[PDB]
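Enquirer: Going down the list, the sequences are from chains A and A'. A prime marks a further copy of an entry chain.
For the first sequence, the deposited numbering assigns the number 746 to the initial residue and increments by one for each residue that follows.
For the second sequence, the deposited numbering assigns the number 746 to the initial residue and increments by one for each residue that follows.
By construction, the Cβ of each residue, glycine as well, lies at the ideal position given by its N, Cα and C atoms.
Number of protein chains: 2
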Amino acid sequence: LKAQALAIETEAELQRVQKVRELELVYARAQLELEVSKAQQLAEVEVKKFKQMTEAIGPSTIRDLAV
Amino acid sequence: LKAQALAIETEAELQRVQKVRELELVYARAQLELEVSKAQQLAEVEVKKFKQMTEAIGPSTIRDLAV
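1. Is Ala-801 (chain A) close to chain A'? Criterion is C-beta to C-beta, closer than 8 Å.
2. In chain A, which residues lie less than 8 Å from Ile-807 (chain A') when you measure between Cβ atoms?
3. Tell me where the alpha helix (DSSP H) around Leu-768 (chain A') begins and ends.
4. Where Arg-766 (chain A) and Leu-751 (chain A') are concerned, what is the direct C-alpha to C-alpha distance, given to the nearest angstrom?
5. Starting from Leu-759 (chain A'), find everything on chain A with Cβ-Cβ shorter than 8 Å and list it in chain order.
6. Out of curiosity, what's the CA-to-CA distance linking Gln-749 (chain A') and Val-790 (chain A)?
7. Identify the contact partners of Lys-783 (chain A) in chain A', using a Cβ-Cβ distance below 8 Å as the criterion.
8. Name the chain A' residues that come within less than 7 Å of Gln-749 (chain A), Cβ to Cβ?
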């Protein structure tokens, strides 16, 4: 009888754990997508501002400015 | 009976968690869009002011001004 009751409550636990982890996996995938989108856009505007600034100052001057 | 009641309250919890996380994902996506818009506009006006100033002072003078 203990075996029958443990079988029922184990099936009932495992279905809930399956559904919760499935929806959590979908939501974590969407958060990852938004995360890398923000990372690459902020990296792109950083790269573009740096490129325009070191273009406007000239790469020859930065060769002999740090010392 | 414990299994039936856990199934009902698990379905009822998971629908709410699904809807809350979906609308939160939409709102976080919009905040990311506004965030990168502000970052790139302030970076653009920084780059443009720096370029005009180092144009007006001349890149030859900044070669021999730091020392």
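Expert: Taking the geometry as given:
1. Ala-801 (chain A) counts as touching chain A'.
2. Residues of chain A with a Cβ closer than 8 Å to the Cβ of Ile-807 (chain A') are, in chain order, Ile-802, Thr-806 and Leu-810.
3. In the DSSP assignment, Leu-768 (chain A') falls within the unbroken alpha helix (DSSP H) covering 747-802.
4. Distance between the alpha carbons of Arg-766 (chain A) and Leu-751 (chain A'): 16 Å.
5. Close partners of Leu-759 (chain A') in chain A (Cβ separation under 8 Å): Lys-764, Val-765 and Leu-768.
6. Going from the Cα of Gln-749 (chain A') to the Cα of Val-790 (chain A) covers about 54 Å.
7. Neighbours of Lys-783 (chain A) on chain A', chain order: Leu-777, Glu-780 and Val-781.
8. In chain order: nothing, as chain A' lies at least about 12 Å away.
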